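Next up: just one chain, as structure tokens, the form deposited in one PDB entry.
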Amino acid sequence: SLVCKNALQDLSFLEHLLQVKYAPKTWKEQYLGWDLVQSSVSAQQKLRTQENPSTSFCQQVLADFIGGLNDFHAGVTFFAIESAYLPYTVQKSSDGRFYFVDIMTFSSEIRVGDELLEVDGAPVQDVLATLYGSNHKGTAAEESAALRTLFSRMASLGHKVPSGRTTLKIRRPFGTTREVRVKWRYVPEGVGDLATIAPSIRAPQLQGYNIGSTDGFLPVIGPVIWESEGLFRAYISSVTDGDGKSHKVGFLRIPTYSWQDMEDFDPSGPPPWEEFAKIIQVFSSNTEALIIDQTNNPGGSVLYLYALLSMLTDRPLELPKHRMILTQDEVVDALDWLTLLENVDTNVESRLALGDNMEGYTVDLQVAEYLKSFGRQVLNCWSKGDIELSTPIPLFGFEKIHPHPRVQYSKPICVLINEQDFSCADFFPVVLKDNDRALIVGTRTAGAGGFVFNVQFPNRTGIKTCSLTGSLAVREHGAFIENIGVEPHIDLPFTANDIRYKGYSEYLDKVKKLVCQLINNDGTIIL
């Protein structure tokens, strides 16, 4: 079969990337009991056994192949526009119930606050269990990843697109239930299945709760006495400990670390780190403690992440390192760094070579050194044959983050974290936590622990991009971030009261009571 042959070929290539570029392979083998061979063999058999397999069927197989790695950074996307969609956003409450937190339609049979009980007659958890990956381990992160999928099916992601009408069973706020008949918003496939055309191909012949939300989903913490509304959501409000004293608390939400992707971002105006700077300065002299909302963050540029950190501390902070998978590629990069920084001795020379600013991070002489060290260390590992999963080397060689020369918030910080915090959104609280800089509150992060790289290549299976992790981050005391993520100081999940009536008062109250303590006791959260 034409589609079958291409799929196997395309599958063999994916298999080969895993052996030369997927770093956490050893980690996935142990922590998950994952097995490349098992995976390969199984996938090939699925492919060969099919009676006249369709293009999508194969994509679904490759999709499941990489899906088995249980890696939020490891996936495959396709050249397919076929999709199914229901305009409902649901959020799982601590006790296990599923409430509708947003309805993007004028239909009125379901309201914000109704509880989802069944889908097509099957209990939510059941439907969800058919959306999990091959090596599911029931973590909240996986659960939520699956939840995003409940009402959004895309062939571009390897999903099997449903269609037609379906029955959701809800529980209205006052106890009664209803069964609602709904129809999937369906977009038919616009890219012809190859299997359908194969036979006619003759031989050639000449002649929001949305991840990344700028505003996030938390309501103000109290009476606003300042707010920027420019590019980031940032404001200053009050609070009042039980003693009757009032404090000025700041609130800032970092939506992503992929700045070129922030809503309303003009690439002709000043970059977002310069605005971040204005916010922090306002905070420095107008606030007594800072609350950073970082939930539902997709991650992004490490250099950008570093910049934001450099402005949130007056002292240097230790950064975790990465065990990298190597190829001559990274070698030349190493060479290139050395040849570019050969003759650099002063801060000034650093700047004329690096740009004096690396996506917000200040180009210093030490940066030139750090960079120089990295690359040396890389070349070393290469000659010592340590290219399978090198000893830990910090990204860019930055052994640590050095406070920003001009702006630096030095007061107590409080970071809110989610089960939907990936990569840089993992690292941010990691760095603030290991150096004891901020109080992390909320829930264990997802655990995408290692940088991503994407791969493209022509093929007839419709593969667009295959993303893979190229390193394994190692925290200071030796823990890997991959899969495990970061645990916050205070475990504070959202309750059904927080969620049901989009107030989150129970949550916010605890955060306020918590931050008041940092203001009084000086950090040091006792009770």
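Basically, rigid core = biggest C-alpha set you can superpose within 1.5 Å across the two forms. Start at 1 with the first residue shown and count on from there.
Keep in mind that the form deposited in another entry is not shown, yet the notes after this line are about it.
A.B. asks: Please look at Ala198, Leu338, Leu379, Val220 and say which one has a C-alpha shift reaching 2 Å or more between the shown form and the other one, core superposed.
C.D. replies: None of the others reach 2 Å, which leaves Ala198.
A.B. asks: Align on the rigid core first; then say whether the Cα of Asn459 has moved by at least 2 Å between the shown form and the other one.
C.D. replies: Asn459 C-alpha, core-superposed: shift of 2 Å or more.
A.B. asks: After superposing the rigid core, is the C-alpha displacement of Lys502 2 Å or more between the shown form and the other one?
C.D. replies: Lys502: C-alpha displaced by less than 2 Å between the shown form and the other one.
A.B. asks: Checking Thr26 here: with the core superposed, does its CA move 2 Å or more between the shown form and the other one?
C.D. replies: Comparing forms between the shown form and the other one, the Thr26 CA shifts below 2 Å.
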